[PDB]
Amino acid sequence: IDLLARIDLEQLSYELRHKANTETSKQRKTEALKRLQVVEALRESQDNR
DNA sequence: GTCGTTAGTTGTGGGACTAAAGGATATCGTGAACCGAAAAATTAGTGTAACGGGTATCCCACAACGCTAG
C-alpha cells in the first residue's frame, strides 16, 4: 500500500522510457517495455475515471 | 584471461476440451465440572337484580261511514 501510494506514474513512465532507450541488453529492454505497458495502462485509466 | 550478451533449449506453470436430457447418494475419533442464563409453569386474588318516570325502537291489529233534519 505504501509503495504503490508513493509511486508517481508519469515519472515512472519517463524513467522506464529512458531505461529502454539507453540499455545494451535486449532482455532488460523487454522487461522495461513490459512494465511500461502496465504503467501506461494505469495512466490511461486515470483519464476516464 | 575475464565479463556481459544472445539465441536456443529445458523445465515448469496456466488455460481450452459440441449440443438435448437428468440430477439419488454419506459423511469416525469424546474430557470433566461448575456457573450462568432465560424460558417455562404454578399459584394467588374478586362476584348482582329490580326499580320510578320517560321515551327510542320493534311486531301486531284496525280504520280511513253514510243518512236525515233544522
# chains A, B, ... in the order shown; residues from 1 in each chain; ligands from 1

$ closest_atom_pairs --of "chain A" --to "chain B" --cutoff "12 Å" --atoms "only C-alpha atoms (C1' of nucleotides)" --output "tab-separated table"
residue	atom	partner	partner_atom	distance
A:23	CA	B:5	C1'	11.9
A:24	CA	B:5	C1'	8.7
A:25	CA	B:5	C1'	6.9
A:26	CA	B:6	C1'	8.4
A:27	CA	B:6	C1'	9.4
A:28	CA	B:5	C1'	11.0

$ write_last_selection --atoms "C-alpha atoms" --output "PDB file, in the first residue's frame"
ATOM      1  CA  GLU A  23      20.089  -0.202 -22.440  1.00  0.00           C
ATOM      2  CA  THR A  24      22.550  -2.526 -24.176  1.00  0.00           C
ATOM      3  CA  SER A  25      20.616  -5.693 -23.235  1.00  0.00           C
ATOM      4  CA  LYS A  26      17.611  -6.960 -25.181  1.00  0.00           C
ATOM      5  CA  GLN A  27      16.132  -8.755 -22.161  1.00  0.00           C
ATOM      6  CA  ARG A  28      16.401  -5.678 -19.934  1.00  0.00           C
TER       7      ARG A  28
END

$ residues_around --residues "residue A:39" --least-positions-apart "6" --cutoff "12 Å" --atoms "only C-alpha atoms (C1' of nucleotides)" --output "list in words"
residues 4, 7, 8, 9, 10, 11, 12, 13, 14, 15, 16, 17, 32, 33, 45 and 46 of chain A

$ atom_distance --atom1 "atom CA of residue A:29" --atom2 "atom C1' of residue B:10"
23.5 Å

$ select_by_dssp --residues "chain A" --states "alpha helix (DSSP H)" --output "VMD selection string"
chain A and resid 2 to 6 9 to 21 26 to 48

$ write_last_selection --atoms "C-alpha atoms" --output "short mmCIF file (atom, residue, chain, number, x, y, z; two decimals), in the first residue's frame"
data_model
loop_
_atom_site.label_atom_id
_atom_site.label_comp_id
_atom_site.auth_asym_id
_atom_site.auth_seq_id
_atom_site.Cartn_x
_atom_site.Cartn_y
_atom_site.Cartn_z
CA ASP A 2 2.71 2.48 0.99
CA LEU A 3 4.92 1.71 -2.02
CA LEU A 4 2.08 1.98 -4.54
CA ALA A 5 0.84 5.18 -2.91
CA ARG A 6 4.27 6.83 -3.07
CA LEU A 9 3.15 7.17 -12.72
CA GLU A 10 4.41 9.94 -15.03
CA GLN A 11 7.92 9.93 -13.58
CA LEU A 12 7.98 6.12 -13.59
CA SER A 13 6.93 6.02 -17.25
CA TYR A 14 9.58 8.56 -18.25
CA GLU A 15 12.24 6.65 -16.30
CA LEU A 16 11.24 3.40 -18.00
CA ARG A 17 11.34 5.00 -21.45
CA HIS A 18 14.81 6.34 -20.65
CA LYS A 19 15.94 2.92 -19.42
CA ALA A 20 14.64 1.25 -22.58
CA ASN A 21 16.29 3.88 -24.79
CA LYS A 26 17.61 -6.96 -25.18
CA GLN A 27 16.13 -8.76 -22.16
CA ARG A 28 16.40 -5.68 -19.93
CA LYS A 29 14.74 -3.62 -22.67
CA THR A 30 11.95 -6.19 -22.94
CA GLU A 31 11.37 -6.07 -19.18
CA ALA A 32 11.38 -2.26 -19.24
CA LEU A 33 8.79 -2.12 -22.02
CA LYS A 34 6.67 -4.80 -20.35
CA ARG A 35 6.50 -2.73 -17.17
CA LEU A 36 5.83 0.36 -19.30
CA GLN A 37 2.76 -1.38 -20.73
CA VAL A 38 1.12 -1.66 -17.31
CA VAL A 39 2.25 1.80 -16.22
CA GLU A 40 0.73 3.40 -19.31
CA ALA A 41 -2.42 1.30 -18.91
CA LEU A 42 -2.86 2.78 -15.43
CA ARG A 43 -2.15 6.26 -16.79
CA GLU A 44 -4.82 5.80 -19.46
CA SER A 45 -7.24 4.52 -16.82
CA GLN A 46 -6.67 7.65 -14.74
CA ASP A 47 -8.07 9.81 -17.57
CA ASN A 48 -11.54 8.24 -17.78
#

$ decode --residues "stretch 36-61 of chain B" --atoms "N, CA and C atoms (P, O5', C5', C4', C3', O3' and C1' of nucleotides)" --output "tab-separated table (two decimals), in the first residue's frame"
chain	number	residue	atom	x	y	z
B	36	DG	P	-22.67	-17.66	38.73
B	36	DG	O5'	-23.34	-17.07	37.41
B	36	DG	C5'	-22.55	-16.86	36.25
B	36	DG	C4'	-23.40	-16.93	34.99
B	36	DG	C3'	-24.80	-16.35	35.12
B	36	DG	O3'	-25.16	-15.72	33.91
B	36	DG	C1'	-24.95	-18.59	34.45
B	37	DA	P	-25.90	-14.30	33.91
B	37	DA	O5'	-26.89	-14.39	32.66
B	37	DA	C5'	-26.45	-15.01	31.46
B	37	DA	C4'	-27.56	-15.84	30.84
B	37	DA	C3'	-28.97	-15.32	31.12
B	37	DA	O3'	-29.62	-15.03	29.90
B	37	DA	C1'	-28.82	-17.67	31.54
B	38	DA	P	-30.67	-13.83	29.80
B	38	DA	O5'	-31.91	-14.49	29.05
B	38	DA	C5'	-31.69	-15.59	28.17
B	38	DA	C4'	-32.76	-16.65	28.34
B	38	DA	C3'	-34.19	-16.10	28.47
B	38	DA	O3'	-35.09	-16.99	27.84
B	38	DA	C1'	-33.69	-17.38	30.36
B	39	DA	P	-35.83	-16.57	26.48
B	39	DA	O5'	-36.75	-17.83	26.15
B	39	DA	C5'	-36.19	-19.14	26.20
B	39	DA	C4'	-36.98	-20.03	27.14
B	39	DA	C3'	-38.49	-19.79	27.14
B	39	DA	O3'	-39.17	-21.03	26.98
B	39	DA	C1'	-37.65	-19.76	29.35
B	40	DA	P	-40.63	-21.07	26.32
B	40	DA	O5'	-41.49	-21.91	27.37
B	40	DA	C5'	-40.98	-23.13	27.88
B	40	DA	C4'	-41.30	-23.27	29.36
B	40	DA	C3'	-42.77	-23.09	29.71
B	40	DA	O3'	-43.38	-24.37	29.86
B	40	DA	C1'	-41.29	-22.02	31.30
B	41	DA	P	-44.96	-24.49	30.13
B	41	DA	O5'	-45.07	-24.49	31.73
B	41	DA	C5'	-44.19	-25.30	32.49
B	41	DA	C4'	-44.50	-25.20	33.98
B	41	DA	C3'	-45.95	-25.45	34.36
B	41	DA	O3'	-46.00	-26.13	35.60
B	41	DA	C1'	-45.34	-23.26	35.00
B	42	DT	P	-47.33	-26.89	36.07
B	42	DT	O5'	-47.58	-26.30	37.53
B	42	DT	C5'	-46.47	-26.05	38.38
B	42	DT	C4'	-46.76	-24.90	39.33
B	42	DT	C3'	-48.18	-24.88	39.89
B	42	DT	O3'	-48.12	-24.88	41.31
B	42	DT	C1'	-47.55	-22.73	39.09
B	43	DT	P	-49.44	-25.11	42.19
B	43	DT	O5'	-49.68	-23.68	42.87
B	43	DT	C5'	-48.58	-22.99	43.45
B	43	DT	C4'	-48.90	-21.52	43.64
B	43	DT	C3'	-50.28	-21.24	44.26
B	43	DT	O3'	-50.17	-20.21	45.23
B	43	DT	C1'	-50.04	-20.05	42.25
B	44	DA	P	-51.20	-20.16	46.46
B	44	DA	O5'	-51.75	-18.65	46.43
B	44	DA	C5'	-50.85	-17.56	46.54
B	44	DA	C4'	-51.53	-16.25	46.20
B	44	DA	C3'	-52.95	-16.10	46.74
B	44	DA	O3'	-53.19	-14.75	47.13
B	44	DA	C1'	-52.98	-16.00	44.36
B	45	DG	P	-54.34	-14.41	48.20
B	45	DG	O5'	-55.33	-13.44	47.41
B	45	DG	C5'	-54.87	-12.17	46.96
B	45	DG	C4'	-55.62	-11.72	45.72
B	45	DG	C3'	-57.13	-11.55	45.91
B	45	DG	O3'	-57.56	-10.28	45.42
B	45	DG	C1'	-56.68	-12.88	44.02
B	46	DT	P	-58.86	-9.57	46.03
B	46	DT	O5'	-59.67	-9.07	44.75
B	46	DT	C5'	-60.97	-8.50	44.91
B	46	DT	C4'	-61.79	-8.68	43.65
B	46	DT	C3'	-63.30	-8.76	43.87
B	46	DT	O3'	-63.99	-8.31	42.71
B	46	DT	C1'	-62.54	-10.81	43.04
B	47	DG	P	-65.53	-7.85	42.80
B	47	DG	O5'	-66.21	-8.55	41.54
B	47	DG	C5'	-67.64	-8.57	41.41
B	47	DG	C4'	-68.13	-9.98	41.14
B	47	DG	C3'	-69.64	-10.16	41.22
B	47	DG	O3'	-70.23	-9.90	39.95
B	47	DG	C1'	-68.53	-11.90	42.44
B	48	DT	P	-71.76	-9.44	39.84
B	48	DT	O5'	-72.60	-10.80	39.99
B	48	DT	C5'	-73.82	-10.98	39.27
B	48	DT	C4'	-75.02	-10.63	40.12
B	48	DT	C3'	-76.26	-10.21	39.34
B	48	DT	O3'	-77.08	-11.37	39.04
B	48	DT	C1'	-75.80	-8.62	41.07
B	49	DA	P	-78.14	-11.97	40.10
B	49	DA	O5'	-79.40	-10.98	40.03
B	49	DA	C5'	-80.45	-11.10	40.98
B	49	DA	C4'	-81.40	-9.91	40.90
B	49	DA	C3'	-82.08	-9.72	39.55
B	49	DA	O3'	-83.46	-10.08	39.67
B	49	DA	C1'	-81.26	-7.63	40.47
B	50	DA	P	-84.52	-9.74	38.51
B	50	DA	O5'	-85.10	-8.32	38.96
B	50	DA	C5'	-85.51	-8.12	40.31
B	50	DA	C4'	-85.88	-6.67	40.55
B	50	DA	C3'	-86.84	-6.08	39.52
B	50	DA	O3'	-88.08	-5.76	40.14
B	50	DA	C1'	-85.01	-4.60	40.00
B	51	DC	P	-89.25	-5.02	39.32
B	51	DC	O5'	-89.01	-3.48	39.66
B	51	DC	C5'	-88.97	-3.06	41.02
B	51	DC	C4'	-88.37	-1.68	41.16
B	51	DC	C3'	-88.90	-0.65	40.19
B	51	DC	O3'	-90.12	-0.12	40.66
B	51	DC	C1'	-86.53	-0.47	40.38
B	52	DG	P	-91.26	0.31	39.62
B	52	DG	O5'	-91.07	1.89	39.47
B	52	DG	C5'	-91.33	2.75	40.58
B	52	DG	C4'	-91.30	4.20	40.14
B	52	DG	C3'	-91.62	4.43	38.67
B	52	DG	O3'	-93.00	4.76	38.53
B	52	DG	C1'	-89.51	5.40	39.20
B	53	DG	P	-93.71	4.70	37.09
B	53	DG	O5'	-93.29	6.07	36.40
B	53	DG	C5'	-93.54	7.31	37.05
B	53	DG	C4'	-92.69	8.42	36.45
B	53	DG	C3'	-93.05	8.81	35.02
B	53	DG	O3'	-92.90	10.21	34.85
B	53	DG	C1'	-90.81	8.11	35.10
B	54	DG	P	-93.58	10.94	33.59
B	54	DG	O5'	-92.55	10.68	32.39
B	54	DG	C5'	-91.21	11.13	32.50
B	54	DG	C4'	-90.47	10.95	31.19
B	54	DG	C3'	-91.34	10.83	29.95
B	54	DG	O3'	-90.71	11.50	28.87
B	54	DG	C1'	-89.99	8.91	30.14
B	55	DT	P	-91.52	11.81	27.52
B	55	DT	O5'	-90.69	11.00	26.41
B	55	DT	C5'	-89.28	11.13	26.37
B	55	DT	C4'	-88.67	9.97	25.61
B	55	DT	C3'	-89.41	9.59	24.32
B	55	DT	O3'	-88.50	9.54	23.23
B	55	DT	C1'	-89.03	7.68	25.66
B	56	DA	P	-89.01	9.87	21.75
B	56	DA	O5'	-88.29	8.77	20.83
B	56	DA	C5'	-86.90	8.85	20.58
B	56	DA	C4'	-86.31	7.48	20.33
B	56	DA	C3'	-87.13	6.57	19.45
B	56	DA	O3'	-86.82	6.81	18.09
B	56	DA	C1'	-86.32	5.38	21.35
B	57	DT	P	-87.81	6.32	16.93
B	57	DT	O5'	-87.80	4.72	17.03
B	57	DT	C5'	-86.81	3.99	16.33
B	57	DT	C4'	-86.76	2.54	16.77
B	57	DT	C3'	-87.89	1.67	16.27
B	57	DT	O3'	-87.62	1.22	14.96
B	57	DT	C1'	-87.44	1.21	18.56
B	58	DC	P	-88.80	0.68	14.02
B	58	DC	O5'	-89.14	-0.76	14.61
B	58	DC	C5'	-88.20	-1.82	14.49
B	58	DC	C4'	-88.65	-3.04	15.28
B	58	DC	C3'	-89.96	-3.65	14.83
B	58	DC	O3'	-89.72	-4.61	13.83
B	58	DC	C1'	-89.91	-3.43	17.21
B	59	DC	P	-90.91	-5.11	12.88
B	59	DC	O5'	-91.89	-5.92	13.86
B	59	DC	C5'	-91.57	-7.24	14.22
B	59	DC	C4'	-92.65	-7.85	15.10
B	59	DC	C3'	-93.92	-8.29	14.39
B	59	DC	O3'	-94.44	-9.44	15.02
B	59	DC	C1'	-94.45	-6.66	15.99
B	60	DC	P	-95.50	-10.38	14.27
B	60	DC	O5'	-96.91	-9.67	14.55
B	60	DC	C5'	-97.42	-9.64	15.88
B	60	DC	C4'	-98.74	-8.90	15.94
B	60	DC	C3'	-99.59	-8.96	14.67
B	60	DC	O3'	-100.86	-9.49	14.97
B	60	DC	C1'	-99.48	-6.75	15.52
B	61	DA	P	-101.83	-9.98	13.79
B	61	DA	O5'	-103.09	-8.99	13.90
B	61	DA	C5'	-103.78	-8.87	15.14
B	61	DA	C4'	-104.58	-7.58	15.18
B	61	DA	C3'	-105.45	-7.32	13.96
B	61	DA	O3'	-106.83	-7.47	14.30
B	61	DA	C1'	-104.32	-5.34	14.72
